[PDB]
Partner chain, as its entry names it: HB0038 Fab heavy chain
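What follows is a single chain, given as C-alpha cells, in the form deposited without its partner chain.
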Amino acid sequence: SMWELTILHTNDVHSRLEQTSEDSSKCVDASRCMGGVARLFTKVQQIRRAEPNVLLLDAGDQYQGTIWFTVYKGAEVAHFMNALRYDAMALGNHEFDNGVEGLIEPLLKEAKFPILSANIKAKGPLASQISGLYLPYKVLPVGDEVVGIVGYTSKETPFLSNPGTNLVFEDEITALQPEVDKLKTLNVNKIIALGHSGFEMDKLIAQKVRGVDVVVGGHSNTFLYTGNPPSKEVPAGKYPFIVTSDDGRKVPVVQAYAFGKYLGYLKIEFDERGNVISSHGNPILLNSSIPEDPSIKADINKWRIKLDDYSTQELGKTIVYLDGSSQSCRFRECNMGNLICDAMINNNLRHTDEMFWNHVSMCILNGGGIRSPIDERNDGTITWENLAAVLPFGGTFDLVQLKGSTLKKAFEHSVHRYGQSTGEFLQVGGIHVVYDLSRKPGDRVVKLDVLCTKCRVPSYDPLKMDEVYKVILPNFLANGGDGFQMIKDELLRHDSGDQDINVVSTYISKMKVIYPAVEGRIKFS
C-alpha cells in the first residue's frame, strides 16, 4: 500500500502578520501586496479540503520583525498560529529575544500546538519551570497513521539572542539521533525533522541522522524551487532538495524563504513501513490572486487598532528607495546602511557638552542588523512603523575607541566567508574600504582610508595600524557580536549611547527629506 502526506510549512515569518509589499516592507499598494496570516489561512484551507492527510509546520523565527512584536510581544504569534491550526512549531533563535520569560508566558503557555527543540537542554532551576512547555519531539496522529516530528534549534542562538545561561544548545546531530532512535522503538516509522539551523545544517542532518525521512528547515532564508520561480527570489536549489543519506536513502530537504511570502508545500508518498517512495512540490506564492480570509483579516484589523499609534506621525520623507534588503546590505554597499551610519554620526554630534566624542566621524554597522527596506512611492512617507521594521532589535549606537590594527582585523572579519549572505558584512561611514576577494581570508582588505580626527579639514587618509580611532557602532558589535571578538577584547574605551531607532528618527525629522546614495564607500577589485 501507499500513504500520502502533504507537509505545509513556513519559516522566518518575522512578525509579518499583515500582508506586505513584494520586498517585505509595509503594504501600501494593496493590489500588489503579498503574504500575511489572513491570506495564508485561505491557502491552507484550500489544501486541507483537497488533501486528507495534512500537517502545517513552522520552523522558527515567528518572533521579531515589526511593531506587531513590539506591542504584542509574542501573544499575536500564539493567537494567529492557533487560528491557523498549526500542528507544530520548532523554536527559533528569535524566540529567545525577549528572554526565556518572554518565550514561556506569551507563546509556550498560550500555544495550542506542540513547540519543539531536542538539542535545547534546560538546566538548574529553569528545568522544572519549563518542563513540558517545549518537547524534543511530538508524535502526531494523522488519519490512521502517526508522524513523529523532532525539533532542533541553531547552536549559534546564545550569540544571536538572549536564551540565558540555564539553556544549553547541544549539537543537533548528536541531540537528534537518540530521539529519532527512541521513536523507532516506539513503532514510529515516519519521521520529520523540523528545525531552525540553516540549509547547510539541514542537509547534514538529512545525511547523518539515521531514520529521518524529511527535513523542514528555516533560519538561512533559503528559497528552493523546481521550475521558473514566480517572483524576485533566486532559487538556491530544487524543491525538495534531495540529500542522499549515509544509510542509502533519498531524503527531501525543504525551506520556504521568509516573511510569509510563500507557503511551503510538499506531497510525500510513503509505503506501509514509512519509507519515502517519492516527494514533489513547490512553495506557493501568497499573492493578490489568493484572497485574504475575511474572518482572520477582521481579527487582524481588531488587533491592528492598537498599532496605528506608531503609523500616524510622519517623521519625514524619502525621495529614493531605501535599500535595506539582505541581498544588498550583506553583499555590498547599501544606501540604507549609509543613512543609518550618517544618522549615528550626526546625532552623536548634537551632544556637544560631551568632549570626548564630539568629532567622531567614523561608523561601522553590521549589515545583518538592517532588517527591512522602505519604499519611496507613496510620496515616500516614513513613519515609526516603517523604522521599526528596519531596526527591530531595540539596541543602542555605542561609542568605542579602537586601535587601527583592531579595525583592519574587523574589516577582514567582515568578508572572511563572503557569499553566504551572512550578517557580519559592514556598512560604513567616514570609512572608504576596498576589498580584493581573489585573496585569502585575513588578507582581503587592499585599501582602508578613514577620516582624520587630528586635522583641521577632514580628508580620507590611510588607516595606520598603531594609531587610535574613535568609531560609532551598534552595542551588539561593541559587545563582540557577529564573531567580532577583536572588538570586545581590543577596544580601549566603550561608552553606551542613544537608542538606535531614536537616532534614525531624530535624523530623519531633522533632514525632512532624505536621499542617501551609494557613493563608493565599499568597493571591490
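Numbering follows the first chain given and starts at 1.
What comes next is about the form deposited with its partner chain bound, which is not displayed.
Comparing 385-393, 153-161, 243-251, 284-292 against its partner chain in the deposited bound form, the single stretch with non-hydrogen atoms within 4.5 angstroms of it is 153-161. Contact annotation: of the candidates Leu167, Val415, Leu448, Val100, the single residue with a non-hydrogen atom within 4.5 angstroms of its partner chain in the deposited bound form is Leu167.
Among the residues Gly419, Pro125, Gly227, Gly442, the one placing a heavy atom within 4.5 Å of its partner chain in the deposited bound form is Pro125. With a 4.5 Å cutoff on heavy atoms, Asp271 does not count as touching its partner chain in the deposited bound form; it lies far away. For the chain shown alone, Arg304 is not a contact residue for its partner chain in the deposited bound form, no non-hydrogen atom being within 4.5 angstroms.
At the 4.5 Å threshold, heavy atoms of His351 reach its partner chain in the deposited bound form.
A residue is said to contact a partner when one of its heavy atoms sits within 4.5 Å of a partner heavy atom; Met355 meets this definition for its partner chain in the deposited bound form.
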